[PDB]
Each structure stands twice: as C-alpha cells, then as structure tokens.
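**Q** Dropping the structure in here first, questions after.
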Amino acid sequence: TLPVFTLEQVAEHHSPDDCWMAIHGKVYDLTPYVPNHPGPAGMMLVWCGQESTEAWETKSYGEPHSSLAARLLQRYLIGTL
Ligand code: HEM
C-alpha cells in the first residue's frame, strides 16, 4: 500500500540533490528527474520540498504539462500526502 507522508517530511527533501514534491495529494521523489527537465534551467528546483500543484498545473506562466509529462511524473510516485 502507498506510504503516507506529511508536508513536513516532504520539506526535508528540498534541494537539487534530494528533491521531493507533493502534487495533487501525492508525493514524488524527483531527484533522478531533475537534470532531465525540459525548459529554462532550474524552474523545477524552486519547488523541491514543497506542495507544488499550481506550478505543475500552469508551469508558472499559463500552460499545462502534457499527457506525456503526466505519465513521466507518475513514474516518480512514492506515496500519498
Ligand atoms: C512542479 C514544478 C514544475 C514547473 C514550474 C515546470 C515548468 C515547466 C516549464 C516552464 C516548461 C517549459 C515550457 C512549456 O513546456 O510550456 C516545462 C516543460 C516540461 N516539464 Fe515541467 N515543470 C515542473 C515540474 C515538472 C515535473 C515534475 C515533470 C515530470 C517528471 C515535468 C516534465 C516536463 C516535461 C516533460 C516538459 C516538456 C513539455 C510537456 O511535456 O509538457 N515538469 N515545465
């Protein structure tokens, strides 16, 4: 069954070399994905350790992530919030 985390635990993984996020009530360990993120360098890094649903939904300027990107995000799932 999926592990359950709190936002406080997610916040301990807040750096480029140890980056977890909470998106839509789910927790993801995105550390391996960090260097592969497309777009302007370092946009995902500001959200390591955070609840990041709005940034996920809008890319911070008003475009959603694609269905392809949503499949890629799900691979890094580690639990629920
Ligand atoms: C949560 C904070 C995130 C922010 C603010 C963010 C922002 C962005 C931006 C600015 C771009 C380029 C512009 C554009 O494609 O319209 C982009 C593209 C992309 N991002 Fe993110 N991203 C985030 C997280 C993620 C995560 C967690 C993944 C997957 C593991 C991901 C996967 C991708 C992919 C695959 C693209 C290429 C375009 C697409 O398929 O939608 N991003 N992102």
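Every chain in the structure tokens takes a letter, A first, then B, and so on in the order presented; its residues are numbered from 1, and the ligands are numbered from 1 following the presented order.
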Can you tell me, as an mmCIF file with N, CA, C and O atoms, in the first residue's frame, what residues are no more than 9 Å from stretch 32-44 of chain A when counting only C-alpha atoms, ignoring any on the same chain fewer than 2 positions away?

**A**
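Below is the file that was written, out-v2.cif:
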data_model
loop_
_atom_site.group_PDB
_atom_site.id
_atom_site.type_symbol
_atom_site.label_atom_id
_atom_site.label_comp_id
_atom_site.auth_asym_id
_atom_site.auth_seq_id
_atom_site.Cartn_x
_atom_site.Cartn_y
_atom_site.Cartn_z
ATOM 1 N N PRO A 16 18.340 20.311 -4.992
ATOM 2 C CA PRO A 16 18.511 19.653 -6.278
ATOM 3 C C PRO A 16 18.977 18.210 -6.191
ATOM 4 O O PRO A 16 18.550 17.356 -6.972
ATOM 5 N N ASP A 17 19.793 17.897 -5.183
ATOM 6 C CA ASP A 17 20.286 16.554 -4.975
ATOM 7 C C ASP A 17 19.403 15.739 -4.045
ATOM 8 O O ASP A 17 19.751 14.588 -3.785
ATOM 9 N N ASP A 18 18.237 16.229 -3.652
ATOM 10 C CA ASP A 18 17.328 15.463 -2.783
ATOM 11 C C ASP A 18 15.987 16.177 -2.850
ATOM 12 O O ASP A 18 15.677 17.051 -2.033
ATOM 13 N N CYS A 19 15.265 15.961 -3.938
ATOM 14 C CA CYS A 19 14.098 16.755 -4.293
ATOM 15 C C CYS A 19 12.787 15.989 -4.331
ATOM 16 O O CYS A 19 12.588 15.228 -5.292
ATOM 17 N N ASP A 29 9.390 11.461 -5.605
ATOM 18 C CA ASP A 29 10.826 11.637 -5.387
ATOM 19 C C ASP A 29 11.453 11.899 -6.758
ATOM 20 O O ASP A 29 11.609 11.013 -7.590
ATOM 21 N N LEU A 30 11.606 13.202 -7.031
ATOM 22 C CA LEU A 30 12.012 13.652 -8.357
ATOM 23 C C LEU A 30 13.489 13.898 -8.548
ATOM 24 O O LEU A 30 13.950 14.362 -9.607
ATOM 25 N N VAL A 46 12.893 25.417 -7.652
ATOM 26 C CA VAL A 46 12.254 26.235 -6.634
ATOM 27 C C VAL A 46 11.164 25.470 -5.894
ATOM 28 O O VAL A 46 10.801 25.861 -4.792
ATOM 29 N N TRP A 47 10.637 24.380 -6.476
ATOM 30 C CA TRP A 47 9.570 23.628 -5.833
ATOM 31 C C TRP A 47 10.048 22.389 -5.086
ATOM 32 O O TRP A 47 9.197 21.748 -4.446
ATOM 33 N N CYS A 48 11.342 22.089 -5.096
ATOM 34 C CA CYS A 48 11.759 20.908 -4.299
ATOM 35 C C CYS A 48 11.377 21.161 -2.845
ATOM 36 O O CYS A 48 11.561 22.247 -2.270
ATOM 37 N N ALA A 55 2.131 25.244 -9.640
ATOM 38 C CA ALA A 55 3.256 25.273 -10.578
ATOM 39 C C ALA A 55 3.151 24.118 -11.564
ATOM 40 O O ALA A 55 3.455 24.305 -12.738
ATOM 41 N N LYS A 59 2.818 25.650 -15.097
ATOM 42 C CA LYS A 59 4.205 25.885 -15.444
ATOM 43 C C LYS A 59 4.614 27.314 -15.020
ATOM 44 O O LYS A 59 5.576 27.888 -15.521
ATOM 45 N N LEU A 73 5.669 12.061 -14.716
ATOM 46 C CA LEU A 73 5.572 12.412 -13.297
ATOM 47 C C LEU A 73 5.168 11.194 -12.467
ATOM 48 O O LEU A 73 5.760 10.923 -11.436
ATOM 49 N N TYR A 76 7.619 8.708 -10.809
ATOM 50 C CA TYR A 76 8.407 9.065 -9.616
ATOM 51 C C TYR A 76 7.559 9.061 -8.360
ATOM 52 O O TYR A 76 8.019 9.455 -7.288
#

**Q** Would you give me, as a list in words, the residues in chain A that DSSP reads as strand (DSSP E or B)?

**A** residues 4, 14, 15, 18, 19, 20, 21, 22, 23, 26, 27, 28, 29, 51, 77, 78, 79 and 80 of chain A

**Q** Could you save those same residues with C-alpha atoms as a PDB file, in the first residue's frame?

**A**
ATOM      1  CA  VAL A   4       1.783   8.155   3.707  1.00  0.00           C
ATOM      2  CA  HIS A  14      14.214  20.455  -0.663  1.00  0.00           C
ATOM      3  CA  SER A  15      17.410  20.576  -2.745  1.00  0.00           C
ATOM      4  CA  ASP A  18      17.328  15.463  -2.783  1.00  0.00           C
ATOM      5  CA  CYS A  19      14.098  16.755  -4.293  1.00  0.00           C
ATOM      6  CA  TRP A  20      10.620  15.547  -3.324  1.00  0.00           C
ATOM      7  CA  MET A  21       7.377  17.322  -4.189  1.00  0.00           C
ATOM      8  CA  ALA A  22       3.706  16.987  -3.309  1.00  0.00           C
ATOM      9  CA  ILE A  23       1.320  17.438  -6.306  1.00  0.00           C
ATOM     10  CA  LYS A  26       0.612  12.564  -3.992  1.00  0.00           C
ATOM     11  CA  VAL A  27       4.301  12.546  -3.091  1.00  0.00           C
ATOM     12  CA  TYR A  28       7.047  12.140  -5.679  1.00  0.00           C
ATOM     13  CA  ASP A  29      10.826  11.637  -5.387  1.00  0.00           C
ATOM     14  CA  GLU A  51       3.361  21.423  -2.291  1.00  0.00           C
ATOM     15  CA  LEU A  77       5.446   8.460  -7.264  1.00  0.00           C
ATOM     16  CA  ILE A  78       6.454   7.246  -3.779  1.00  0.00           C
ATOM     17  CA  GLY A  79       3.293   7.793  -1.667  1.00  0.00           C
ATOM     18  CA  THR A  80       0.352   9.981  -0.703  1.00  0.00           C
TER      19      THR A  80
END

**Q** Determine, counting only C-alpha atoms, which protein, DNA and RNA residues have an atom within 9 Å of an atom of residue A:56; residues of the same chain fewer than 4 positions away are not included. Present the result as a ChimeraX atom specification.

**A** /A:23,52,60,64-65

**Q** Enumerate the residues of chain A with a DSSP assignment of alpha helix (DSSP H), computed from the backbone, and present them as a PyMOL selection string.

**A** chain A and resi 7-10+53-58+67-75

**Q** With distances taken over only C-alpha atoms and all ligand atoms, which residue among A:75, A:81, A:13, A:66 lies nearest ligand 1?

**A**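 The shortest atom-to-atom distance to ligand 1 comes from A:66.
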
**Q** Please indicate the distance in Å from atom CA of residue A:24 to atom CA of residue A:7, rounded to one decimal place.

**A**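 Computing it gives 12.4 Å between the two atoms.
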
**Q** For ligand 1, which residue out of A:74, A:8, A:69, A:50 is the nearest one, using only C-alpha atoms and all ligand atoms?

**A**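 The shortest atom-to-atom distance to ligand 1 comes from A:69.
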